[PDB]
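In the text below, chain A, chain B and the rest are named by the order of the sequence lines, each starting its count at 1. Heavy atoms only: backbone and side chains are in, while hydrogens, waters and symmetry mates are out.
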Amino acid sequence: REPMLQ
Amino acid sequence: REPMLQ
Amino acid sequence: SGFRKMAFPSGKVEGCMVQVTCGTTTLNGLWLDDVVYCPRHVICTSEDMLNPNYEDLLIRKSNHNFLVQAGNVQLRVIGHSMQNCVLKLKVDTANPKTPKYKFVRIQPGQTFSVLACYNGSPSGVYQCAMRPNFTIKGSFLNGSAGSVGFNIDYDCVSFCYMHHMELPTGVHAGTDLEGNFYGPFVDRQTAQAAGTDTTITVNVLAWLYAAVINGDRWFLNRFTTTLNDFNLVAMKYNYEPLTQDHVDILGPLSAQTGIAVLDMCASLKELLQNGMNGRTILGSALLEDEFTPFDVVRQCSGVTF
Amino acid sequence: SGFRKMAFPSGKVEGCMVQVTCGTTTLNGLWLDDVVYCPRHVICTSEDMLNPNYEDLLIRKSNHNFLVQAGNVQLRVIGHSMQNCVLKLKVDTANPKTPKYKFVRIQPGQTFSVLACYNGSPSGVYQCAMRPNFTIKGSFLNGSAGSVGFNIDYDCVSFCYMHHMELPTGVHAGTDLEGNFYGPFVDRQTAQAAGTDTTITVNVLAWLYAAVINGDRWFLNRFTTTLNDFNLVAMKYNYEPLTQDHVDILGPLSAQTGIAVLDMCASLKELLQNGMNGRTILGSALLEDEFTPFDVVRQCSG
């Protein structure tokens, strides 16, 4: 998956 | 051990 | 993503905590409107804790015998009465920090947050469940009595527990906010023991649903089961039998995931009979039973207070 | 008695949480005195998340592009700057409920309380440890960025974490309050992965001591070990080397229980080489490593 900025 | 009122 | 044992924010309850000193002993009270709720054994000395006659210890005390401090301010007690196992100390000042609140008596298998307090100062917050045997697996030291357990619904604090004692096995017992003990215990240092406990099946099932929501699903299988056939397995492993209300309560999670409750019971059956074989679920090697279905939905949807 | 994952009371931090919106993206800010600290990726659109140049994005912003809401009140932003990966929005009113506080950068192995928040409002609190690989194992959804981690001593809140992002394996990453990330991570959605992790040996030992204080003793044994013999086994199981500073920090718990640190190491050695045989310690079938020695002393009796 991609990293996710939350 | 006896019950302890805290 | 992720799934943690999460407590409610404690801010609204912190402002209700006060210290009650009745001579030499000190414990915590809960200040709502113009009443301070505290365990009655604040009036005892250590020589009285065995078999106190609370009615006779009370009459020796008058209003001025109760020292109530809310931080840097002292609250004048202008009245005192006993309701079951709590005292109600009327004060001359209604707590300006009183939240919207309810007093509720909870059922075994339901959870709540505890704000552990000492000398009227909060010290910690953690999540508990009322065990089927009516004890709670808390963390409490001498002086913690009067700490409270609660849930929040929107902006309303539902107080369900006030702490009173520790049992010989290291578990804990207390009352609702009307002073009635959970379970058959008494605020006495006589011989007492918690009865047999069981695992809260419907909570284990909710937690397995939480696992699936979060992508932890190795325990899913192509099998199914009837409720009665599952409950035979449940009792074999000292799990609470599943009643169809439990099944109903799991309805929202089953609909969210598309996994029939009885199919998830089939996964739980295989877990009980074959263990986890060194695998983990949501980071745990044991089957966690202190998340309710409401807890799961609350966390996984980001509800705020 | 008893032993639980215990967070600090969250009230003082609840009173500092605000919502920050720049365009269509919203997250949380921390409002202390007249400054609001928040993650810089609040200036990004959903397309600026892959490889943002934050300098470019920020210079294109004005003060009025930042909407700050404290409860149902709008705070006026009157100045902004970027410090590493956080923004500092100066507002026109100081938070009147600002607690005594400090900013600290914690060490892998230390713990803190997280107040998970959405739209400037709190959802819940839980304990986290900073893993050796600079991740934390939290419970964070979109919108949670800007939630903070902290420790409370007396009534001084030591802020040590601000949440930014979720890595692919589902662990979480963020910065200190000065905007420097914990770990080699960057606030972009380019490919990244957490490094290999290890178990925090000193914390497992502290947790064993907690069990002894709470009357669990089945794992104790008559054996002893040297620090070097123990560390040879430790490495074999992905455990951090135990140092003399770690032995020293376990002093109080050793004294209270009367079990030498190296005797507890022998206990842990036998647990690692033989497992637990379906038994449990403090309600856990795994060796817990997210309690510090300080967490044990704070919770347990003396």
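Side-chain atoms of D:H163 and A:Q6 include a donor-acceptor pair closer than 3.5 Å.
Side-chain atoms of A:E2 do not come within 3.5 Å of backbone N or O of D:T190 as any donor-acceptor pair.
Taking all atoms of both residues into account, the shortest heavy-atom contact from A:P3 to D:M165 is CB-CE, 3.6 Å.
Between A:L5 and D:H164 there is no side-chain heavy-atom pair separated by less than 4.5 Å.
Neither the backbone nor the side chain of D:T169 comes within contact range of chain A; no heavy atom of the residue lies under 4.5 Å from a heavy atom of that chain.
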Check your understanding: Can you check side-chain contact (heavy atoms from CB on, under 4.5 Å) on A:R1 and D:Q189, steps first, answer last?
Key -> CA-CA 10 Å; A:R1 338 171 47 193; D:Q189 303 197 159; over 6 Å; no
